[PDB]
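To start, the structure under review is shown below, and the notes come after it.
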Amino acid sequence: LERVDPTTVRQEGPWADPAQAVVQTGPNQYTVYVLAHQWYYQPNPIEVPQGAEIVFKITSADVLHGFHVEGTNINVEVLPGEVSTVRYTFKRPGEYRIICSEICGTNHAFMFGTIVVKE
Ligand code: CUA
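End of the sequence shown = 168 in PDB author numbering, gap-free, step of one.
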């Protein structure tokens with residue numbers, strides 16, 4: 050179990066700078082640091098290449114959230130203080146909706162993101 054401090058994740062560590070969310074970690078491998086908030090995803094959109102292995106590293110800045118990529122079997126709970134890891138290779142270019150699968154308050158019904166898979 051991989052633990053982080055939710056009260057400092059916006060200020061120190063790999064989720065602190067939103068411009069640095071996508072990091073190449075092998076010839077055809079990218080790690081993506083996703084930070085869920087009430088009520089949006091950081092970064093948005095997430096842009097990745099077709100056929101590369103993606104390693105998502107997902108945590109929460111406040112309350113329990115969900116992270117589900119429509120059209121795949123990616124569906125994880127996202128807890129403050131914990132890192133959820135998911136590995137996946139996207140074979141078809143195009144756009145996929147990201148949906149929050151855990152009730153999280155006022156604007157839960159509007160918490161959407163996007164992943165763009167480039168040709
Ligand atoms: Cu985040 Cu519902």
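Yeah, the Cβ is synthetic: ideal placement off N, Cα and C, and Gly gets one too.
Based on DSSP bridge pairs, tell me the residues matched to residue i.
i	result
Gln91	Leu84
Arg136	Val104
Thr163	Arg146
Between residue i and residue j, what straight-line distance do the alpha-carbon atoms span, to the nearest angstrom?
i	j	result
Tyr90	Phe161	7 Å
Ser133	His117	12 Å
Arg146	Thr57	28 Å
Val135	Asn156	26 Å
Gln69	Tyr79	12 Å
What residues in its chain sit with their C-beta under 6 Å from that of residue i, if we drop five residues either side in the sequence?
i	result
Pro129	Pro55, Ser109
Excluding five sequence neighbours on each side, which residues of the same chain lie with their C-beta closer than 7 Å to the C-beta of residue i?
i	result
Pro92	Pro67, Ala70
*Touching or not, the region 133-142 and the region 83-99, by the rule of three or more beta carbon pairs under 8 Å?*
At 8 Å Cβ cutoff, the stretches touch.
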